[PDB]
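Worksheet: one structure, shown below.
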Amino acid sequence: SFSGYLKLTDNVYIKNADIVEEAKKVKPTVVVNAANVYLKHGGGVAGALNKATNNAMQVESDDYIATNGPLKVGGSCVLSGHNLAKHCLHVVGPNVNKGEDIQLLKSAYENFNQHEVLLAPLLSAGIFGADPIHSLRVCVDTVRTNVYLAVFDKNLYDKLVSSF
Ligand SMILES: Cc1ccc(S(=O)(=O)Nc2ccccc2F)cc1C(=O)Nc1cnc2[nH]ncc2c1
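Taking full-length UniProt numbering, I'd label the letters of the sequence shown as residues 1027 to 1190.
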């Protein structure tokens, strides 16, 4: 099971960890990817998860997009978790660097409520450009299922806990 997490609320937990290493250790039922609408896993959490699957996540994702077209900002799809998890929930939070609406962050977190427990990153944080303190607030006020947040950056983890 999950270990070494700090409890923030009844259902939200947080740890300073690399989500790839956490997924390889725990083999959760669901790992969340910080996806874009095209499922092009180039950088950030998506690039790191895809590299850990030896590009199998990108080959499956390209077939999904060829069949279904792009996701919506704030939407998600469930695909294989490959060697990392049973499933990967690809969730698209708004990318502030591309000018997307930050109000869509709550819609993005609502996708997590379809799964009893998830290993996840903070949506729209990092290279997506939003304030991670805001992302954690929307996560706690939106997600009702059990979420284990992995924050890679130690300095950001300490700021997120100390300002919670
Ligand atoms: C800058 C940074 C570096 C590294 C990490 S990470 O390694 O924890 N995660 C991570 C890295 C890449 C892709 C996606 C990820 F989630 C996060 C951040 C972060 O979000 N900081 C931060 C702090 N205050 C801010 N205010 N407004 C914006 C803003 C951003």
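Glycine is no exception: its CB is placed at the ideal position from the N, C-alpha and C atoms.
Nearest CA to the CA of residue i: which residue from the options?
i	options	result
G1101	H1108, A1111, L1115, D1088	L1115
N1062	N1172, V1187, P1096, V1104	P1096
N1080	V1099, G1107, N1094	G1107
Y1135	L1148, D1127, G1125	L1148
Here's a check: name, in chain order, each residue in its chain whose Cβ is nearer than 8 Å to the Cβ of residue i, leaving out the five neighbours to either side.
i	result
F1154	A1060, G1070, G1119, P1120, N1121, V1122, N1123
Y1039	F1028, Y1031, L1032, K1033, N1172, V1173, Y1174, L1175
Along the chain, where does the alpha helix (DSSP H) that runs through residue i open and close?
i	result
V1071	1070 to 1078
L1105	Counting along the chain, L1105 falls outside any alpha helix (DSSP H), though it belongs to the beta strand (DSSP E) covering 1102 to 1106.
residue 1191	Residue 1191 lies beyond the residue range present for the chain, which begins at 1027 and ends at 1190; the question has no answer from this structure.
So, are the CB atoms of residue i and residue j less than 8 Å apart?
i	j	result
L1034	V1166	yes
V1085	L1144	no
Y1174	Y1031	yes
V1169	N1037	yes
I1159	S1188	no
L1105	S1087	yes
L1130	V1099	yes
For residue i, I'd like the list of residues in its chain whose CB is within less than 7 Å of its CB, leaving aside the five on either flank, ordered along the chain.
i	result
residue 1006	Limits of the chain in this structure are 1027 at one end and 1190 at the other, which puts residue 1006 out of reach.
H1141	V1056, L1115, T1171
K1180	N1042
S1161	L1131, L1148, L1149, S1150, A1151
Based on the DSSP output, what are the partners of residue i in its beta bridges?
i	result
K1041	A1176
What span of residues does the beta strand (DSSP E) with residue i cover, start to end?
i	result
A1060	1056 to 1060
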